[PDB]
Amino acid sequence: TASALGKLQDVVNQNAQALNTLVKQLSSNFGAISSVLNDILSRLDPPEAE
Amino acid sequence: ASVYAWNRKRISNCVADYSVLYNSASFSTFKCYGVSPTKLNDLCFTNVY
Amino acid sequence: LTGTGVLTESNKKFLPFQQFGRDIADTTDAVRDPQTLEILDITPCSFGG
Amino acid sequence: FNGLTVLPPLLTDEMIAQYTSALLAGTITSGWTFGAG
C-alpha cells in the first residue's frame, strides 16, 4: 500500500500548489487595458503606457 | 447620408497609408480611441467599416 | 504581433480555422505564417545566472 | 520559462546511501561505542 508516505507527498504538493498559483496569477489585468505587456506597448504611445 | 438612415461601407483586401490624414488640415475634428493614431501604419485588421 | 525568440518547425495539428495557440500564462506558443501553411513554435532565447 | 529555475542539491543519493550504510555497519558490529570513541 502506497499511502504510507503521506507527509513526504503532501510537502511536495503544498509547494507545487503555490508555485503554480504564482505563475497563474500572471494572467490578471489588475485594471489595465490588456494583460500582455508587448500588446500595450505596441498599440499605445509611450506617454500612455506608463 | 441622414442620421435616420446612416450609411455604411465595408472595406477589405486593401493597402492604405494613413499618414496623409495627419498631413491634411481639412478636418474640423479628428479623434481616435483605443489605438495610437501614429502607429496605424504598422498594423493589420480583418475588416474596416 | 511583435516579439523575440527562436522560431522552429512544429508538429501541432492546427485546424483550418485556427491561427495560433497559447500557454497557461497566456502567451503565444505557436503561429501560422501569413505566406505559408507551416506551423512554427516560438522558444525564448537562452539565459542564466 | 519566466525566470523560475530549480537548483541541484549538494549531496547526492549515493553519498547519502554511503552514510546510511556506514551507520548500519557500525551499529551492527560495534554497539554504541563507535559514537563516543
# chains A, B, ... in the order shown; residues from 1 in each chain; ligands from 1

call {"tool": "interface_residues", "arguments": {"of": "chain A", "to": "chain C", "cutoff": "9 Å", "atoms": "only C-alpha atoms", "output": "ChimeraX atom specification"}}
result
/A:23-27,35-36,38-39,42

call {"tool": "residues_around", "arguments": {"residues": "range 11-22 of chain B", "least_positions_apart": "4", "cutoff": "9 Å", "atoms": "only C-alpha atoms", "output": "PyMOL selection string"}}
result
chain B and resi 27+37-38+40-41+45-49

call {"tool": "write_last_selection", "arguments": {"atoms": "C-alpha atoms", "output": "PDB file, in the first residue's frame"}}
result
ATOM      1  CA  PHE B  27     -10.910  68.146 -40.685  1.00  0.00           C
ATOM      2  CA  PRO B  37      -3.043  57.228 -34.444  1.00  0.00           C
ATOM      3  CA  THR B  38       0.641  57.366 -35.434  1.00  0.00           C
ATOM      4  CA  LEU B  40      -1.624  52.615 -37.642  1.00  0.00           C
ATOM      5  CA  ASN B  41       0.919  52.072 -40.434  1.00  0.00           C
ATOM      6  CA  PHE B  45      -7.017  44.197 -39.499  1.00  0.00           C
ATOM      7  CA  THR B  46      -9.608  41.664 -40.616  1.00  0.00           C
ATOM      8  CA  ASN B  47     -12.126  44.280 -41.799  1.00  0.00           C
ATOM      9  CA  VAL B  48     -12.658  48.032 -41.785  1.00  0.00           C
ATOM     10  CA  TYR B  49     -16.118  49.581 -41.538  1.00  0.00           C
TER      11      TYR B  49
END

call {"tool": "interface_residues", "arguments": {"of": "chain D", "to": "chain A", "cutoff": "12 Å", "atoms": "only C-alpha atoms", "output": "ChimeraX atom specification"}}
result
/D:1-6

call {"tool": "interface_residues", "arguments": {"of": "chain B", "to": "chain A", "cutoff": "8 Å", "atoms": "only C-alpha atoms", "output": "ChimeraX atom specification"}}
result
/B:34-36,39

call {"tool": "write_last_selection", "arguments": {"atoms": "N, CA and C atoms", "output": "compact mmCIF listing (two decimals), in the first residue's frame"}}
result
# COMPACT_ATOMS: atom_id res chain seq x y z
N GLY B 34 -8.60 53.93 -28.43
CA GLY B 34 -8.13 52.57 -28.32
C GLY B 34 -6.92 52.21 -29.16
N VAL B 35 -6.49 53.07 -30.08
CA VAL B 35 -5.27 52.85 -30.84
C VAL B 35 -4.56 54.19 -31.02
N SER B 36 -3.23 54.16 -30.95
CA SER B 36 -2.44 55.37 -31.15
C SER B 36 -2.43 55.72 -32.63
N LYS B 39 0.76 54.94 -35.08
CA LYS B 39 1.26 53.59 -35.32
C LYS B 39 0.36 52.77 -36.25

call {"tool": "interface_residues", "arguments": {"of": "chain B", "to": "chain C", "cutoff": "10 Å", "atoms": "only C-alpha atoms", "output": "compact mmCIF listing (two decimals) with N, CA and C atoms, in the first residue's frame"}}
result
# COMPACT_ATOMS: atom_id res chain seq x y z
N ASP B 42 1.66 50.29 -38.91
CA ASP B 42 2.39 49.08 -38.55
C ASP B 42 1.47 47.92 -38.21
N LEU B 43 0.18 48.01 -38.54
CA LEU B 43 -0.83 47.08 -38.05
C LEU B 43 -1.56 46.42 -39.21
N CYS B 44 -2.41 45.45 -38.86
CA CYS B 44 -3.28 44.79 -39.82
C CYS B 44 -4.64 44.57 -39.16

call {"tool": "select_by_dssp", "arguments": {"residues": "chain A", "states": "helix (DSSP H, G or I)", "output": "VMD selection string"}}
result
chain A and resid 2 to 4 6 to 27 37 to 43 46 to 49

call {"tool": "write_last_selection", "arguments": {"atoms": "N, CA, C and O atoms", "output": "short mmCIF file (atom, residue, chain, number, x, y, z; two decimals), in the first residue's frame"}}
result
data_model
loop_
_atom_site.label_atom_id
_atom_site.label_comp_id
_atom_site.auth_asym_id
_atom_site.auth_seq_id
_atom_site.Cartn_x
_atom_site.Cartn_y
_atom_site.Cartn_z
N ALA A 2 0.61 2.15 -0.95
CA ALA A 2 1.45 3.32 -1.19
C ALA A 2 1.07 4.53 -0.36
O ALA A 2 1.77 5.55 -0.42
N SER A 3 -0.02 4.47 0.41
CA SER A 3 -0.49 5.63 1.17
C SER A 3 0.33 5.92 2.41
O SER A 3 0.07 6.92 3.08
N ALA A 4 1.31 5.07 2.75
CA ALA A 4 2.05 5.23 3.99
C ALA A 4 2.80 6.56 4.03
O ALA A 4 2.82 7.24 5.06
N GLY A 6 2.41 9.69 3.38
CA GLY A 6 1.55 10.84 3.17
C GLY A 6 2.27 12.17 3.35
O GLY A 6 2.04 13.11 2.59
N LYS A 7 3.15 12.25 4.35
CA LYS A 7 3.79 13.52 4.68
C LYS A 7 4.73 13.98 3.57
O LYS A 7 4.72 15.16 3.18
N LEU A 8 5.57 13.07 3.07
CA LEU A 8 6.52 13.44 2.03
C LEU A 8 5.81 13.84 0.75
O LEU A 8 6.32 14.69 0.00
N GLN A 9 4.66 13.24 0.46
CA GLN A 9 3.88 13.65 -0.70
C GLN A 9 3.24 15.02 -0.48
O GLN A 9 3.25 15.87 -1.37
N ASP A 10 2.67 15.24 0.71
CA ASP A 10 1.97 16.50 0.96
C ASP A 10 2.92 17.68 1.05
O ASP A 10 2.53 18.81 0.71
N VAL A 11 4.17 17.46 1.44
CA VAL A 11 5.11 18.58 1.49
C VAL A 11 5.53 18.98 0.08
O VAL A 11 5.84 20.15 -0.18
N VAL A 12 5.53 18.04 -0.86
CA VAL A 12 5.76 18.38 -2.26
C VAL A 12 4.54 19.09 -2.83
O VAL A 12 4.66 20.08 -3.56
N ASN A 13 3.35 18.56 -2.55
CA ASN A 13 2.12 19.12 -3.12
C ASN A 13 1.89 20.55 -2.65
O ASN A 13 1.49 21.41 -3.45
N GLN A 14 2.09 20.82 -1.36
CA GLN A 14 1.86 22.17 -0.85
C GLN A 14 2.76 23.19 -1.53
O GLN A 14 2.34 24.33 -1.78
N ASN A 15 3.99 22.80 -1.85
CA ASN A 15 4.89 23.70 -2.56
C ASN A 15 4.48 23.86 -4.02
O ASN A 15 4.48 24.97 -4.57
N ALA A 16 4.16 22.74 -4.68
CA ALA A 16 3.77 22.79 -6.09
C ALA A 16 2.53 23.66 -6.29
O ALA A 16 2.43 24.38 -7.29
N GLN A 17 1.59 23.61 -5.35
CA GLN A 17 0.37 24.39 -5.48
C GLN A 17 0.67 25.89 -5.50
O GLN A 17 0.17 26.63 -6.35
N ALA A 18 1.52 26.34 -4.58
CA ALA A 18 1.86 27.76 -4.53
C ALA A 18 2.70 28.17 -5.73
O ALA A 18 2.52 29.26 -6.27
N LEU A 19 3.63 27.30 -6.15
CA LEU A 19 4.44 27.62 -7.32
C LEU A 19 3.60 27.74 -8.58
O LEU A 19 3.90 28.55 -9.46
N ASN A 20 2.53 26.94 -8.69
CA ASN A 20 1.62 27.06 -9.82
C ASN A 20 0.76 28.31 -9.70
O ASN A 20 0.48 28.98 -10.71
N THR A 21 0.28 28.62 -8.50
CA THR A 21 -0.54 29.81 -8.31
C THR A 21 0.24 31.08 -8.65
O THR A 21 -0.31 32.01 -9.24
N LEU A 22 1.52 31.12 -8.29
CA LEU A 22 2.33 32.30 -8.56
C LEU A 22 2.48 32.58 -10.05
O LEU A 22 2.53 33.75 -10.45
N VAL A 23 2.52 31.54 -10.88
CA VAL A 23 2.63 31.78 -12.32
C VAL A 23 1.25 32.04 -12.92
O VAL A 23 1.11 32.87 -13.82
N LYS A 24 0.22 31.34 -12.45
CA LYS A 24 -1.12 31.57 -12.98
C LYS A 24 -1.63 32.97 -12.67
O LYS A 24 -2.41 33.53 -13.45
N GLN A 25 -1.19 33.56 -11.55
CA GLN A 25 -1.52 34.95 -11.24
C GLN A 25 -1.13 35.93 -12.34
O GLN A 25 -1.65 37.05 -12.36
N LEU A 26 -0.23 35.54 -13.24
CA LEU A 26 0.26 36.47 -14.26
C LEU A 26 -0.82 36.87 -15.26
O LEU A 26 -0.67 37.89 -15.94
N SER A 27 -1.92 36.11 -15.35
CA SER A 27 -2.92 36.36 -16.37
C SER A 27 -3.77 37.60 -16.10
O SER A 27 -4.36 38.14 -17.04
N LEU A 37 2.06 42.65 -21.98
CA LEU A 37 2.84 43.88 -21.93
C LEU A 37 3.21 44.36 -23.33
O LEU A 37 3.13 45.56 -23.62
N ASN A 38 3.62 43.43 -24.21
CA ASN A 38 4.01 43.83 -25.56
C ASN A 38 2.82 44.36 -26.35
O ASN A 38 2.98 45.24 -27.19
N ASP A 39 1.61 43.87 -26.05
CA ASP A 39 0.42 44.38 -26.71
C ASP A 39 0.20 45.85 -26.34
O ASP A 39 0.03 46.70 -27.22
N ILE A 40 0.15 46.14 -25.04
CA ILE A 40 0.03 47.52 -24.57
C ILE A 40 1.12 48.39 -25.19
O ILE A 40 0.86 49.50 -25.67
N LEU A 41 2.36 47.90 -25.17
CA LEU A 41 3.48 48.69 -25.68
C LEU A 41 3.43 48.88 -27.19
O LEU A 41 4.04 49.82 -27.70
N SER A 42 2.72 48.01 -27.91
CA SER A 42 2.60 48.15 -29.36
C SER A 42 1.45 49.08 -29.75
O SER A 42 1.64 50.02 -30.52
N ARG A 43 0.25 48.83 -29.23
CA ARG A 43 -0.91 49.59 -29.68
C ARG A 43 -0.95 51.01 -29.12
O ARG A 43 -1.81 51.79 -29.55
N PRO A 46 4.21 55.87 -25.80
CA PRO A 46 4.96 55.85 -24.53
C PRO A 46 4.38 56.76 -23.46
O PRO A 46 4.44 56.42 -22.27
N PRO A 47 3.80 57.93 -23.80
CA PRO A 47 3.17 58.74 -22.74
C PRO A 47 1.98 58.07 -22.08
O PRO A 47 1.66 58.43 -20.94
N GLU A 48 1.32 57.13 -22.74
CA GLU A 48 0.15 56.47 -22.16
C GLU A 48 0.51 55.19 -21.41
O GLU A 48 -0.05 54.93 -20.34
N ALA A 49 1.44 54.39 -21.95
CA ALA A 49 1.67 53.03 -21.46
C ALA A 49 1.97 53.00 -19.96
O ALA A 49 1.62 52.02 -19.28
#

call {"tool": "residues_around", "arguments": {"residues": "residue 44 in chain C", "least_positions_apart": "2", "cutoff": "10 Å", "atoms": "only C-alpha atoms", "output": "PyMOL selection string"}}
result
(chain C and resi 3-7+29+42+46-47) or (chain D and resi 1-2)
